[PDB]
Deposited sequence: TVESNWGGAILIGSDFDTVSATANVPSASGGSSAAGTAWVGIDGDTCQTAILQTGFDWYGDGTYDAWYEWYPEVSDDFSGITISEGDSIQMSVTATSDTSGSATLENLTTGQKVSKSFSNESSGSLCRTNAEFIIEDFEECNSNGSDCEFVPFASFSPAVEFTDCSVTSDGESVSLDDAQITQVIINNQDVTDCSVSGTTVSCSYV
C-alpha cells in the first residue's frame, strides 16, 4: 500500500519561471518490474490542472529511460542513460500555456528539449516548483486500472545539485520548501532532505 508517492522538496509560490538541477543516475535493484523516477517540475501539488516536468526512470533490471511531460496533454519518452551519469534537467514556463523541458546528459554530451505551445487541455498555475523522487503508476489503456509500480531500491542517493528556481526572473531559495517522503506500508522508503542548493534523497 503506497501512502505517499512523492519524495522531495516542493516550493509554493507564484509566477514560477524556471526550475532546474543536475541529478546523478543511481544503480537500481529489486526486480525488472521495480522502478523509480527523479524529475524537476512546475505545478502538480496545489495546482491540480497541469504539471510541466522532465526527468528519468530506473528499473530494477538495470535499464533506464528519459522523458518529458506536460500533463495531462503531451507525455513522451525523450539520450542514453547509464549508472553514474550526471543529468541536467530543466523546465521553463513562459506563460500558463507555453514553456519547455530540457534534459541533458552531461556525461555523454547528449541533449534533448521540447518546446510546448497553445497548451489547451490543461494550463499551468505556476504556483509549485519541485525536485522529486517518485513511485510512479502504470495504468491500462482506459485508466480503469492504475497501480503504483513496485518501488526499486537505489544507490547511492539521488542528489539534485545546483537546484535553481526563479519567480518573475528572481531566484527563489529552497529554505522554505516543504519536504515529502515516499511512504509504503506505513514506512518511509526515502529520506529526502534539503541543504543549500542541494536536494538529496536516499533510498531507505
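**Q** Relative to the deposited sequence, which regions have no modelled C-alpha positions in the structure?
**A** Unobserved in coordinates, per deposited numbering: 79 to 80, one stretch.
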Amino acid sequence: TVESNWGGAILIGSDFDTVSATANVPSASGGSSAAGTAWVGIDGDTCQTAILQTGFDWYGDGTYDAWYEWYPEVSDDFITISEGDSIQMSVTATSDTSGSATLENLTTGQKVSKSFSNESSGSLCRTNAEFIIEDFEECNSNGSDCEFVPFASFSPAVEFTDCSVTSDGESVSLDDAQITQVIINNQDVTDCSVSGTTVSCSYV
From here on, numbers count along this sequence of modelled residues.
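**Q** What about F78, is it left unmodelled in a third or more of the other PDB entries we looked at?
**A** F78: unmodelled in a third or more of the comparison entries.
**Q** Taking the recorded C-alpha temperature factors, which stretch has the higher mean, 59 to 67 or 36 to 44?
**A** Result of the comparison: 59 to 67.
**Q** Taking the mean of the C-alpha B-factors per stretch from the entry, tell me the winner out of 137 to 145 and 158 to 166.
**A** Averaging CA B-factors over each stretch, the winner is 137 to 145.
**Q** Considering only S90, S95, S86, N128, which residue's Cα atom bears the greatest B-factor as recorded?
**A** Comparing C-alpha B-factors across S90, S95, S86, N128, the top value belongs to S95.
**Q** Of the options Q178, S171, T54, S27, which has the highest CA B factor as deposited?
**A** Checking the PDB record, the top C-alpha B-factor among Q178, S171, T54, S27 is at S171.
**Q** When the modelled residues of the chain are sorted by Cα temperature factor, does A101 land in the lowest, middle or highest third?
**A** Middle third by C-alpha B-factor.
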